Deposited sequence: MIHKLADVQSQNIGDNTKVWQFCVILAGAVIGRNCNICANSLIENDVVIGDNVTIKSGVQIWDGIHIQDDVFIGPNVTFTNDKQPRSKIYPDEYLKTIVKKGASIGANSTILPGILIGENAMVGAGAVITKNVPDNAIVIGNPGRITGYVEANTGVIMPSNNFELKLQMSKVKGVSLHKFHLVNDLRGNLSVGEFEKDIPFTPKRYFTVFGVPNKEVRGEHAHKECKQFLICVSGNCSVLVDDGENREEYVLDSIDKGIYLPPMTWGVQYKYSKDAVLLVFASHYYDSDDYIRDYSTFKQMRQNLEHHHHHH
């Protein structure tokens, strides 16, 4: 259905796709099946829109922009493609992502699967999968769909939460933990992360083999743990709190305070090969492992 108030010059528009009034569509555009292209928006030539995409009003999809399947583009969303524009002189929005109203997406930017860009955000950097990004400049503030006793279990597979023995007196303070009793392994390595800008997002990975144990020894940080299907986020803000990450648990650490030091104990020596850094690969290697194990 191409409304007669629309100016559509392209022939590669799939079945069930509606283009409404006052839409301009140039000839090189490729739009999939079952899309809705709402009034008063524009789509240039060097563009590919996948299937079931909603593009609400006041949007412009410029040359170099690819919108994969199931993406929602909110009203008055704005894209760009030149970082330094001067008169007379590629961005990808991944499957399922949702871009909120009157957002502004800078050029050459990746928005990840199922991500949620918040109304009005100014997206200056790649958005990871599932991330929720808000503000000017946009910062990751949450993930889509994401203590006071010795050992509690998370909702995420095998992730356990710990409280360590803490003593307070006049001479000072002490907390202690035992490997194999408290923390469920014996490390071969520890490292520390500190001096981390409050905007930064650390981790975004999983380990095939290495077990990890995390303790924020001053200030605070937030830790996201993800098992491929469940996801949960914890504030670590005292030296006597700790989180166990089994191997094949995807982890993020972010929202570090200015004073924050993260101490990590690790079951194995350092190994660049032991990292999975793509969430979709992770999600798939985890099912393989879950299907073999059960």
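Engineer: Wait, which stretches of the deposited chain are just not there in the structure?
Structural biologist: Several regions go unmodelled: 90-95, 153-162, 311-312.
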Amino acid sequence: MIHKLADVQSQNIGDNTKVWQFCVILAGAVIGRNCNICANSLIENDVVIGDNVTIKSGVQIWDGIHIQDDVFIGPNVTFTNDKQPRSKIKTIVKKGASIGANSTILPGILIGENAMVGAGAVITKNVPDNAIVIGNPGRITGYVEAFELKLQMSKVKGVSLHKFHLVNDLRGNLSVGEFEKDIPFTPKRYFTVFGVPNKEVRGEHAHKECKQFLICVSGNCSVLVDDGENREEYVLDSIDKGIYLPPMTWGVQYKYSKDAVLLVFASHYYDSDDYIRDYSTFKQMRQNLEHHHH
From here on, numbers count along this sequence of modelled residues.
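Engineer: Got a sec? Mean C-alpha B-factor, which is higher, 137-145 or 78-86?
Structural biologist: Between 78-86 and 137-145, it is 78-86.
Engineer: Would you mind comparing 177-185 and 113-121 for me and telling me which has the higher average C-alpha temperature factor in the entry?
Structural biologist: The recorded data point to 177-185.
Engineer: Identify, among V159, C216, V71, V167, the residue whose C-alpha carries the highest B-factor in the deposited PDB entry.
Structural biologist: Among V159, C216, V71, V167, the PDB entry lists the largest C-alpha B-factor for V167.
Engineer: Which third, lowest, middle or highest, does the C-alpha temperature factor of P128 belong to within its own chain?
Structural biologist: It falls in the middle third of the chain.
Engineer: Give the position of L151 by CA B-factor within its chain, expressed as the lowest, middle or highest third.
Structural biologist: It falls in the top third of the chain.
Engineer: If you rank every modelled residue in this chain by C-alpha B factor, which third holds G172: lowest, middle or highest?
Structural biologist: Ranked within chain, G172 CA B lands in the highest tercile.
Engineer: Check where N34 lands among this chain's C-alpha B-factors and tell me if it's the lowest, middle or highest third.
Structural biologist: Answer is highest: the recorded C-alpha B-factor places it there.
Engineer: How does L236 rank on Cα B-factor within its chain, lowest, middle or highest third?
Structural biologist: Ranked within chain, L236 CA B lands in the lowest tercile.
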